[PDB]
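Shown below, as structure tokens, is a lone chain in the form deposited in one PDB entry; questions about how it binds or moves come after it.
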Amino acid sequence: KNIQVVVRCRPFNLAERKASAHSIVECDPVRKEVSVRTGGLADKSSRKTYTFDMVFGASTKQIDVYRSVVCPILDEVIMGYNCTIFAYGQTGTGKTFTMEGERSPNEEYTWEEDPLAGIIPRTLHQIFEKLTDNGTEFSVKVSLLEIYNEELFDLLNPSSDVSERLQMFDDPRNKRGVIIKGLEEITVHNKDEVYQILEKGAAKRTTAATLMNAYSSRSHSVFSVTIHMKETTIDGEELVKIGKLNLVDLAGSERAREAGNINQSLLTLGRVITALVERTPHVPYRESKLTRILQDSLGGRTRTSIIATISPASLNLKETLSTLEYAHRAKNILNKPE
């Protein structure tokens, strides 16, 4: 499939140690399996096993997630296609760590990416590297919005109130596309401007949370990079390729209809991915804002990836199984024997 579904388990953490929680998740990257202990202390043997396209255990470094998951997708984006990577899972399991990452406790400027850097900085690093290394005329722009309770908020506009809702227009160029009027798109001339853009977005997220209770754990974040590529033929024709990569940090998978329409928006996304995997005619793109925004990138002739993030702690057994169930319903991968 052009649809890859992978699972990442993060290390057991302090908040989980506090509660005398036990470790219940075992990852087998070679067999691409996740086994979860299902019986608690009274039955430590019973387990439930899932199989995915890739499995990343607690020791997985950021660079290996990038190389395994993003590199093939970025290669297609650079050929002029529109792709999407999602991070899905319970709050606190590592969607933002995977999507954004963290920087060095030492502030010194380096050109290599931080070992803790996530998909977003690494993607921008490789875009500028790949395209400078082969002499292509190119420009890069990025946008960052937040979907909270089915409403769209611009996280990068320097000059508008973050609480101003954004409207979606039809796109006369493409029946699959949408134009988000007023969405700030910032040109990136060098790999480092990305870090300043992520800081601006983080400040806007805090304001949105203070103003509207639009907490990032309850919102879908959509970081979109658009690469505009130009080559001039021998006889002087300018050919334009346009690649787009959407890096989506979904709302936590765990009010009411605030929380309800979170679950419905995520279920709609799940139904879209399942229909794309099964090649069924009815893909419900139009039934949520998230899938409307991403419809032009999800069509079928592109690579899509879902990184399902989970906790290894007994405290989160129910949501871990719910996340694995969601990932398995998105793409039915059967268990091998022995």
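Numbers for residues come from their place in the sequence shown, where the first is 1.
Interresidue gap class [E254, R255; deposited sequence, unmodelled]:
Missing in between: 10 or more residues.
When the C-alpha temperature factors are averaged for each of 164 to 172 and 80 to 88, which stretch ends up with the higher value in the entry?
Comparing 164 to 172 with 80 to 88, the higher mean C-alpha B-factor belongs to 164 to 172.
Which wins on mean Cα temperature factor, 147 to 155 or 104 to 112?
Mean CA B-factor is higher for 104 to 112.
Whose C-alpha has the highest temperature factor in the PDB entry: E199, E129, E185, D249?
Largest recorded C-alpha B-factor: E129.
Kindly indicate the residue among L267, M229, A209, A117 with the greatest C-alpha B-factor in the PDB record.
If I rank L267, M229, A209, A117 by C-alpha B-factor, first place goes to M229.
Which third, lowest, middle or highest, does the CA B-factor of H22 fall in along this chain?
Its C-alpha B-factor, which the entry lists for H22, ranks in the highest third among residues of this chain.
What third of its chain, lowest, middle or highest, does the C-alpha temperature factor of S139 fall into?
For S139, whose C-alpha B-factor we compare with every modelled residue in the chain, the answer is the middle third.
What third of the chain, by the recorded C-alpha B-factor, contains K95?
Lowest third - that is where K95 ends up once the chain's C-alpha B-factors are sorted.
Using only modelled residues of the chain, where does the Cα B factor of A15 rank: lowest third, middle third or highest third?
Ranked within chain, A15 CA B lands in the middle tercile.
What third of the chain, by the recorded C-alpha B-factor, contains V36?
It belongs to the middle third of the chain when residues are ordered by C-alpha B-factor.
Not pictured, yet referred to below: the form deposited with a small molecule bound.
Using a 4.5 Å heavy atom cut-off, which stretch among 198 to 206, 175 to 183, 72 to 80, 131 to 139 contacts the small molecule in the deposited bound form?
Going by heavy atoms within 4.5 Å, the stretch is 198 to 206.
Would you mind picking the one in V162, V188, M229, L116 that has a heavy atom within 4.5 Å of the small molecule in the deposited bound form?
By the 4.5 Å heavy-atom cutoff, the listed residue in contact is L116.
Please run the contact check for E150 against the small molecule in the deposited bound form: heavy atoms, 4.5 angstroms, yes or no?
Outside the cut-off, so no.
Under a 4.5 Å heavy atom criterion, is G101 part of the interface with the small molecule in the deposited bound form?
Contact check for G101: yes, within 4.5 Å of the small molecule in the deposited bound form.
Give a yes or no for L245: in the deposited bound form, does one of its heavy atoms lie within 4.5 Å of a heavy atom belonging to the small molecule?
Answer no; every heavy atom of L245 is more than 4.5 Å from the small molecule in the deposited bound form.
When the contact criterion is heavy atoms within 4.5 Å, does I120 count as touching the small molecule in the deposited bound form?
Yes, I120 is a contact residue.
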